[PDB]
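The structure appears right after this line, and notes come after that.
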RNA sequence: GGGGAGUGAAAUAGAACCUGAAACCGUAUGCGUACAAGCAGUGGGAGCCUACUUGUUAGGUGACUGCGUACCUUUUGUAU
RNA sequence: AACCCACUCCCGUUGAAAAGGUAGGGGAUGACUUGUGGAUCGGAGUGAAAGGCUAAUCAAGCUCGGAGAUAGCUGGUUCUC
RNA sequence: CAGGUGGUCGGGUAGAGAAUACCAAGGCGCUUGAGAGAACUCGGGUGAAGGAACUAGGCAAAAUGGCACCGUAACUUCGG
RNA sequence: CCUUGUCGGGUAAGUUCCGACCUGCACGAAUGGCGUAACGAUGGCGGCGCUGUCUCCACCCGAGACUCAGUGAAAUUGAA
RNA sequence: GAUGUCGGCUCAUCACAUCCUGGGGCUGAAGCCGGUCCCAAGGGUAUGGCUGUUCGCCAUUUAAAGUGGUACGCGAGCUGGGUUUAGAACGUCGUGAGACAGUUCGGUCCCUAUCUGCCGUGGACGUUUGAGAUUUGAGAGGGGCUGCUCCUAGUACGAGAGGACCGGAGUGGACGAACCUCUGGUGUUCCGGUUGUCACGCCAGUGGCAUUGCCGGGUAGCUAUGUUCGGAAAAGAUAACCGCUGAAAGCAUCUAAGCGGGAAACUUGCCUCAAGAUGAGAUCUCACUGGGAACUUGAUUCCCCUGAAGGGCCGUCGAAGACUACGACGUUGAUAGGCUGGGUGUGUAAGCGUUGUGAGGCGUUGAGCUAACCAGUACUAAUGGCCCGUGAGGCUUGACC
């Protein structure tokens, strides 16, 4: 179980003893249960949620009927949460209330798309020398493989292209503040993605 | 100081005037050493009679960097000049007298003698 | 409009009006050895960020013959209070040229009187 | 990577852009309808419209702040006397961009850019 | 860096199995009744029920 | 540059002009091709499509399947 | 500085260029640089000498002949049983 | 065709200058353009903290840069 | 040659450098022997300054790359 | 009818004959240390001075600075210092041209990738009517390192000297991922100062050109050197090793039956991709409920009507991007630009007054200007256009109708 919110940028909190703790603030408009997938009817236990406000003209008839079984009147995206043993009816509303402070949590978003990186930026390679006789290749990868054994490049060779919008989980981030009146998690540190990207906050896998 | 071959001043009374870091002690290849870290120096320039002579491989604590040390709120102290305090084998400072300020990050279990002598 | 309110609830007052070029005395908090006390830090304000809660100011002091710049965080509770000692004429916002001037060359003029 | 980076390079130095854009501003303030490439039309609207907003207020400081960035006497006179009394009650959007086919020699997507009450 | 074998008809044509064309964004003015590109001024200078040039 | 009309026995003899091959490039029709590994064939072989007139035929494709490393020249020897 | 040169890097190497460009570099009133005209030529010139140069050619130019040189070498040698 | 090709003239302001910079008279926009703003590549700009640890080698770069005055070592063929 | 000979200096560390030693494989007096101020786009060592050479690269600016329109090569190639 | 060296750089990949870290046995192992031999390949595994060096010798580190295969890996990836063509010189050999178990200075590194490979990213078709979304996980990849001070405890042990394992934190290093709140870097799209000159008739003001002329700063964005997080714990089946019970072989024996413990190895656990997994899976929801003719009756073909759900073209764009794709929006609209406020940066504009002989000060005035930022606002531009996609989804067999 977890929650779906959007990243509102990073801020800071000073404690009274004087340490500034770096804080990202994950705004969680309250998530609305659409299905409850049971192992009898679906093979596994899970719950679908929704987070608010799509236009009427952007919700298709299949999608509107799915959002009208569950009397939810629902919004951008649909997300899923594998469950162990929890019971949610298909109209319920899970909020930031499933988090306390302290409360180590795992946060996943989509990382910021760097476009088509080179091997220095993508895989932290070394550059060759810039001046000592070096011909045209100052920033290129070096050799790829070995000569005639094997006579081909091994799979998974580190080359260049698209440091992009992959899914990244950042795990064991402490919850600084659960602010349920205006629906906020304040989370210690960095979180993957830009401001306003969708971000999934569920408790820590390494506890 | 922060790197092998960094030249840095000496905040001691009867030793060197310039040392050069030849190694950053600690890990396998530590490339950097800030305030409170332990470098090993060679003495490049010294006074005519004193406890330390020119070209003597010695250990030193870095007390004063111009990259600076950073506090728990994001405040940096940032000196104007790199300086070290030389040390003996059982790492106690050689000089009986310490010049210029040190910072608060240095009063550990081992360098209380430096902060006690400093005019911070 | 959300993170501009997380910020504003922490910015209760600490601060006078000070400019680059001023000489201030900052009263900072220290705690080691089981005590709470104030240590002064007097010098020339050379820089100012004005980023709301993320505001900072650099201040240059020449103590025991060596320079030291401290970039304070303005709304941190370590900066307990602030007081402008004398205030100066600089017609700049960032006085970094004072890092090369040494003695009488690094003196800030008083037209602002 | 140009994340959130406005402006476009148009295969030019910055001084070349500044000359070309205040040329297009002056030519549009005299003719009130010119014909240009669609990206240069998209970037003209960020140069030319603050000049009309500036021209909605007669000051000496406004007419030589207009003059140092549209540097022709005729366009400072066309502003502050014609364009700026006309556009005095319109909150922005003093010019529109209408796509008009493609250039014959290139395929440069063309656009007309037109002052709105012409 | 050259080929060691000339390429056949078949692989030459399979390469260019992708470079066929489209431009179907045409539409008709309700006023004049002529075809023009979408979101573009007409070749007789009209645009959304109004002459503009 | 053509589409006609005329001339001519003939213009797919129209001036780059008799004939007008092959390489190479197209359009049309039939059949086969998007879970299948290699000298591209060959032996087996279903299906489909055309002409016939029907059948124990003729033409065209050839799913699937057994075997299968071009030609030359040089060599003791070459898929090499 | 012009002019003459060509020490270094980088580019260029299917070049803009069959020897260059851009940054820097050497000489720059002389044993200097250069125009125009003339002289020296193939075991023969000229050479502050390197086998340098002699029309993008040089341990003996180019062209035409002897000439279809010679090749114990290489390559090739065409329808059928 | 970024090359080569003898001689003549030569304005303003700054400048020793025919260097150089902005200009006059005069000439020109170098015969593919439009977008876009990845890797990489080229020609540049700035760069925290170190300051030759780079490398075969300070290669490249960075630096120094003028005029007036003061001052200026070894050595020397008495000119440097 | 042995050889990075040995000793001194320079460096934290020096097969290079400078000063000696003399066991000169294999110096030596116009194929000149020893010195030598000044002069080298000369060889080798060290230093100050100086810095993207480097740790370790980040960003930016133009020119290609990429897409669109027009024109339109090449080396190679038994068939695939 | 050419397979271009040694070394360095850049990038690797495997083995295990294991350098560290992990698990053991024996000991001439009291403890800190060791010696040797098994088991283990998961992750790690110096920077430099010299020399062209590989190596080596030193200097200083580290937990450790492993040994090898890969054309002594790697020049259609770089270098070109050594060897090394043409120049010259030394010593030596030769009458000589010249030569070298030799030294020495100098000396051109070409290729736009067709195919396989590899890293990315799409277009087609197929998944059995089609569609919008959400998914399970067969499989695959990533990850896996380690030091120190302390806490029982100066205890167990040891005459003493000395010194623990085993119990658990908290602070580093190297590496990796994300991020930009902070610290800074950049910021030729912002604001100033300034030199030379030219111009806008001129004074003022300002603008071109001088590398952004030079420079001071600096928004957003990107960013490391900045910030945060990570390696786990746990489980299982084991490797040596340690066994219980236990015969064959009245005993003894880990074993032959049968039961256990046991490591960073292996399978999970952690993160990411993943139904082209042709074995193409599963959920929830939506859409289509018209005739006729020919010939051959899974029935196909043709005509008329009808084209839905939705998808696309197109447009405004994006913290998404080479082109794509992805994502958002398209007047029932904040998608971009402008506008209106704020903010941030710069640093007291112009004009006028005032003082001065003038340069220049003082006011007005933290003024003027202000990019990418924040909030609001339909002023401009996103056109109630077209195209695809159809008309209830074969047959056999079984069970319940």
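Neighbouring Cβ atoms from other chains, within 10 Å of the Cβ of residues in A:16-25, number 5 on average. Using a Gaussian network model on chain C with a 10 Å cutoff between Cα atoms, which of C:92, C:48, C:31 fluctuates the most? Between C:92, C:48, C:31, it is C:31 that shows the largest mean-square fluctuation.
The convex hull defined by the C-alpha atoms of chain B has an orientation-averaged projected area of 7.2 nm².
Report the full-extension gain for the segment residue A:139 to residue A:126: residue separation times 0.36 nm, less the Cα-Cα distance, to one decimal in nm. Don't skip to the end; give the middle numbers.
On the way: separation 13, 0.36 × 13 = 4.68 nm, distance 0.81 nm.
Extra length from residue A:139 to residue A:126 when fully extended: 3.9 nm.
The mean of 1/r over all distinct Cα pairs in chain E, once inverted, gives the Kirkwood hydrodynamic radius of 14.7 Å.
Here the label points at residue E:51 and residue B:96, each 7 Å from Cα along the C-beta direction, are separated by 10.6 nm in the simple model.
With only the Cα atoms considered, chain D has a convex hull volume of 127 Å³ per residue. The label-point distance for residue C:109 and residue A:171, in a model that sets each label 7 Å from Cα toward Cβ, rounds to 6.3 nm.
For chain A, the relative contact order works out to 31 percent when only alpha carbon pairs closer than 8 Å and six or more residues apart are counted.
Spread over its residues, the convex hull of the C-alpha atoms of chain C is 126 Å³ per residue.
The alpha carbon convex hull volume per residue for the protein assembly as shown rounds to 342 Å³. Under the simplified labelling scheme, the residue C:101-residue A:149 pair shows an inter-label distance of 7.2 nm, with each label point 7 Å from Cα along Cα→Cβ.
Restricting to Cα pairs below 8 Å that are 6+ residues apart, what does the relative contact order work out to for chain B? Please round to a whole percent. Mind showing how you got there, number by number?
Numbers: 295 pairs, mean separation 28.7, N = 120.
Result for chain B is 24 percent.
Is any residue of region E:26-53 close enough, with backbone N under 12 Å, to a label point placed 7 angstrom from the Cα of residue D:107 along the Cα-Cβ axis, and if so, which? Correct set: none at all.
If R0 is taken as 30 Å, the Cβ-Cβ distance between residue D:4 and residue A:160 corresponds to a FRET efficiency of 0.80.
Rounded if a/c is under 1.5, else prolate if a/b is larger than b/c, else oblate: which is region A:44-197, with a ≥ b ≥ c the root eigenvalues of its Cα gyration tensor? Since a/c reaches 1.5 and a/b is larger than b/c, the shape of region A:44-197 is classed as prolate. Potential lengthening of the chain between residue E:12 and residue E:35 amounts to 4.6 nm, from the contour at 0.36 nm per residue minus the alpha-carbon distance. What's the angle, to the nearest 10 degrees (0 to 90), between helix D:38-55's Cα axis and the longest principal axis of chain D? Long axis of D:38-55 versus the principal axis of chain D: about 10 degrees.
Reconstructed Cβ throughout: ideal geometry from the backbone, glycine too, with neighbour counts over all protein chains shown. Here, each number is a calculation from the coordinates, and none is a lab measurement.
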